[PDB]
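In order, the protein sequence lines correspond to chains B, C and D.
Under the deposited numbering, residues 994 to 1047, 1058 to 1098 are what the first sequence spells out, in order.
Under the deposited numbering, residues 837 to 1047, 1057 to 1098 are what the second sequence spells out, in order.
Positions in the third sequence are counted from 1; adding 941 to them yields the deposited numbering.
Every residue, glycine too, gets a C-beta built ideally from N, C-alpha and C.
Everything on this sheet refers to the single structure shown next.
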Amino acid sequence: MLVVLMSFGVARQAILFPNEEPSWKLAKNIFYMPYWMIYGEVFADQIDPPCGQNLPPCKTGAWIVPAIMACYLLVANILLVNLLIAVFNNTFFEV
Amino acid sequence: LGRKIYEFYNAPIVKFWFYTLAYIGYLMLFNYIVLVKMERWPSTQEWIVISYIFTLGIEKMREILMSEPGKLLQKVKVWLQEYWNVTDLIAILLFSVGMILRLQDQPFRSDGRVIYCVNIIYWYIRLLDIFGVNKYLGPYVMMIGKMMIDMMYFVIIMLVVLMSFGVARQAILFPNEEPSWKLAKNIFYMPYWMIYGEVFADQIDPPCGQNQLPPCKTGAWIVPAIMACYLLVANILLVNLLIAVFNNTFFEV
Amino acid sequence: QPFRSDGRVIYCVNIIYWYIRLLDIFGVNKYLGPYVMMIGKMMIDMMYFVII
Ligand SMILES: CC(C)CCC[C@@H](C)[C@H]1CC[C@H]2[C@@H]3CC=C4C[C@@H](OC(=O)CCC(=O)O)CC[C@]4(C)[C@H]3CC[C@]12C
Ligand SMILES: CC(C)CCC[C@@H](C)[C@H]1CC[C@H]2[C@@H]3CC=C4C[C@@H](OC(=O)CCC(=O)O)CC[C@]4(C)[C@H]3CC[C@]12C
Ligand SMILES: CC(C)CCC[C@@H](C)[C@H]1CC[C@H]2[C@@H]3CC=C4C[C@@H](OC(=O)CCC(=O)O)CC[C@]4(C)[C@H]3CC[C@]12C
Ligand SMILES: CC(C)CCC[C@@H](C)[C@H]1CC[C@H]2[C@@H]3CC=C4C[C@@H](OC(=O)CCC(=O)O)CC[C@]4(C)[C@H]3CC[C@]12C
Ligand SMILES: CC(C)CCC[C@@H](C)[C@H]1CC[C@H]2[C@@H]3CC=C4C[C@@H](OC(=O)CCC(=O)O)CC[C@]4(C)[C@H]3CC[C@]12C
Ligand SMILES: CC(C)CCC[C@@H](C)[C@H]1CC[C@H]2[C@@H]3CC=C4C[C@@H](OC(=O)CCC(=O)O)CC[C@]4(C)[C@H]3CC[C@]12C
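Spelled out as structure tokens, the structure:
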């Protein structure tokens, strides 16, 4: 999880927020909201903010963030977690 | 000294621990350079990172030329068999084009910073290859590799169902829009995040026409029911099927 | 109208079914074909869950 979770966390804090002076909040914003989306809350209002409709301007071509996060939620909440399901199941009789 | 330094720095475990500690160090420096503002000339950290990328490209070229076949086309086939090698080539290439875009000036700079970010993705996933020395984690990553094929199926079936609600939610709720590409964003926007939690409780069943909301369109009472059938058929019918398919397959892998 | 409006609705209920008929075309594959095979067999197990 740490490797795939970190990947999305670094990516979302670098697309959305494009210009910040170096500070320790950045690591918190990596290890924040992505971790809490493997547990049920996708942070829906944060995701696809409305933008440039007569609001602050569009950060970059920030269309990467919903797509790679969709890939992340598939990878995290389905494959890995289901792997732990299977791993626990087959080691269970063994122990 | 000479023999102990040369013996020790040529033991393959030691040179492994070089290459992985240097690769973790690169990951930390590239983390810093992607989560900081970047001025027009590169910073020191970025110079170390781009040095890593181009020296890695030189070493890839070294072992392509130093491969065992004598014909050059033979050795480029030898290198294009193995999977992680070709993903190295495409990613070192895409970091190179990020560098050439970001040495320029706006509007190309913001695009180049995005290109750096989509490199951050892959250079994270290469740690899965790096974690192949462990006798305990090597099998897990091989398992993931076997479970991905089963995912290809689930995903396909899901698409059919998601899209089916997606079309129906798009037409029945929204009645009189004009030809636009937002229909596709809405087709895969609202009925996709529902399989992981958020059911969009306000967005579903708004009260219509009472102090006033616009009088609710056509026969839009049907969208909660086909929504209900969708949530059952996705979250219980398939996901659970995928649990079963992983358990059967995992045993053999 | 207003039948027009209701004529729009029951077109849209149809594309629910005509999407699900693409599962038939997925049946011909050597591997997707067996996966839709198990879906119908699990659906009788869910019918017992939907009552409970
Ligand atoms: C993926 C994880 C494990 C590592 C991620 C690394 C970064 C998120 C860290 C590593 C070095 C850190 C920096 C080290 C020292 C400082 C100095 C510190 O400066 C001050 O407090 C005041 C400075 C001034 O105004 O002179 C601000 C935080 C900062 C930039 C830190 C911000 C967070 C950084 C970039
Ligand atoms: C490897 C796994 C198993 C554990 C990794 C733990 C770290 C990722 C955590 C533990 C301590 C955390 C830090 C604890 C306190 C702070 C200070 C906090 O900075 C401030 O409150 C000052 C700046 C400001 O308030 O603006 C920023 C988050 C940070 C660096 C945290 C970032 C994330 C850290 C390094
Ligand atoms: C089903 C699986 C494959 C997931 C599919 C997800 C993507 C195809 C969707 C999900 C959310 C969508 C985004 C949601 C909203 C917007 C905002 C929209 O922004 C603007 O029009 C900006 C206007 C301006 O320039 O100010 C651009 C499309 C975009 C990024 C969408 C692009 C397509 C996305 C990433
Ligand atoms: C179910 C999935 C897999 C496919 C769904 C298909 C549609 C969502 C796409 C396919 C073709 C698209 C169309 C292709 C080109 C155009 C032209 C475009 O025209 C303009 O922007 C200018 C119009 C003008 O003022 O003349 C309007 C969107 C539209 C109709 C697109 C709307 C979205 C469409 C219908
Ligand atoms: C088969 C699965 C695994 C992937 C399918 C991917 C596509 C169905 C996605 C990926 C890219 C998406 C597009 C990315 C960007 C846009 C532009 C966006 O249009 C605008 O922002 C301009 C109009 C406006 O904002 O007013 C509308 C959604 C659309 C066509 C998205 C529609 C859905 C697309 C084609
Ligand atoms: C047992 C499992 C498989 C499904 C259980 C849930 C359904 C029985 C519920 C959930 C949502 C409900 C629907 C939510 C909203 C409406 C709109 C409602 O229309 C109005 O209220 C009129 C317009 C207005 O004034 O709002 C008619 C009932 C209906 C279709 C409800 C019928 C019963 C539904 C489908």
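Give the single residue among the options whose Cα lies nearest to the Cα of residue i.
i               : options                                       : result
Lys982(C)       : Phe1095(C), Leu837(C), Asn846(C)              : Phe1095(C)
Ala1079(C)      : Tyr958(C), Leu863(C), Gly1033(C)              : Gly1033(C)
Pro975(C)       : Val1090(B), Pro1042(B), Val1098(B)            : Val1090(B)
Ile926(C)       : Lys896(C), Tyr845(C), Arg876(C)               : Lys896(C)
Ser887(C)       : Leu964(C), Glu843(C), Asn1092(C), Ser932(C)   : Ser932(C)
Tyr862(C)       : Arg945(C), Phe890(C), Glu899(C)               : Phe890(C)
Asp1041(B)      : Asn1093(C), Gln917(C), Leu939(C), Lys1018(C)  : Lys1018(C)
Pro1060(C)      : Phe1010(C), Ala1037(C), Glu899(C), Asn1092(C) : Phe1010(C)
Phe1024(C)      : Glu1014(C), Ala1004(C), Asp1038(C)            : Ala1004(C)
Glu899(C)       : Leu916(C), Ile884(C), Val885(C)               : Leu916(C)
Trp1066(B)      : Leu1058(C), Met1030(C), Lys1021(C)            : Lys1021(C)
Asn867(C)       : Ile1071(B), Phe1036(B), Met999(B)             : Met999(B)
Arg949(D)       : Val914(C), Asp1038(C), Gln1006(C), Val922(C)  : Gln1006(C)
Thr923(C)       : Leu857(C), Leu892(C), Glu843(C)               : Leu892(C)
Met1030(B)      : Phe852(C), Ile1031(C), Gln881(C), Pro1043(C)  : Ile1031(C)
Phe944(D)       : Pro848(C), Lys1062(C), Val850(C), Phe852(C)   : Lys1062(C)
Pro878(C)       : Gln1057(C), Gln940(C), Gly838(C)              : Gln940(C)
residue 1166(B) : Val954(C), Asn921(C), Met1072(C), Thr856(C)   : Residue 1166(B) is absent from the model: chain B starts at 994 and stops at 1098.
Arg876(C)       : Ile936(C), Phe854(C), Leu1058(C), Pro848(C)   : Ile936(C)
Give me the Cβ distance between residue i and residue j, rounded to the nearest whole Å; I'm assuming they're in contact under 8 Å.
i          : j          : result
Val870(C)  : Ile956(C)  : 5 Å
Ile961(C)  : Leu930(C)  : That belief does not hold up - the Cβ atoms of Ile961(C) and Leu930(C) are roughly 14 Å apart, past 8 Å.
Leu1087(C) : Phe990(C)  : 5 Å
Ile966(C)  : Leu973(D)  : 34 Å between Cβ atoms; not a contact.
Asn1012(B) : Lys907(C)  : At roughly 51 Å, the Cβ-Cβ gap does not stay under 8 Å, so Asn1012(B) and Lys907(C) are not in contact.
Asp947(D)  : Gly1064(C) : 6 Å
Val1068(C) : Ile980(C)  : Wrong, their Cβ atoms sit about 37 Å apart, outside the cutoff.
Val996(B)  : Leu964(C)  : 7 Å
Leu865(C)  : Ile884(C)  : 6 Å
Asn1092(B) : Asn1047(C) : 55 Å between Cβ atoms; not a contact.
Go ahead and label residue i buried or exposed: buried means 16 or more other beta carbons lie within 10 angstroms of its beta carbon, across all protein chains shown.
i              : result
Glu904(C)      : exposed
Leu1076(B)     : buried
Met978(C)      : exposed
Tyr1028(C)     : buried
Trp959(C)      : buried
residue 938(D) : Residue 938(D) is absent from the structure shown; chain D starts at 942 and stops at 993.
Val969(C)      : exposed
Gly1002(C)     : buried
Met994(C)      : buried
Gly934(C)      : buried
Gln942(C)      : exposed
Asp1038(B)     : exposed
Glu1014(C)     : exposed
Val1084(B)     : exposed
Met988(D)      : exposed
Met902(C)      : exposed
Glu882(C)      : buried
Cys1074(B)     : exposed
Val1035(B)     : buried
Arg938(C)      : buried
Open item on the list: List, from N- to C-terminal side, the beta strand (DSSP E) runs of 3 residues or more that fit wholly inside the stretch 886–949 of chain C.
Closed with: Taking only runs of at least 3 residues, no beta strand (DSSP E) segment lies wholly in the stretch 886–949 of chain C.
Open item on the list: List, from N- to C-terminal side, the alpha helix (DSSP H) runs of 4 residues or more that fit wholly inside the stretch 989–1036 of chain C.
Closed with: 1018–1023
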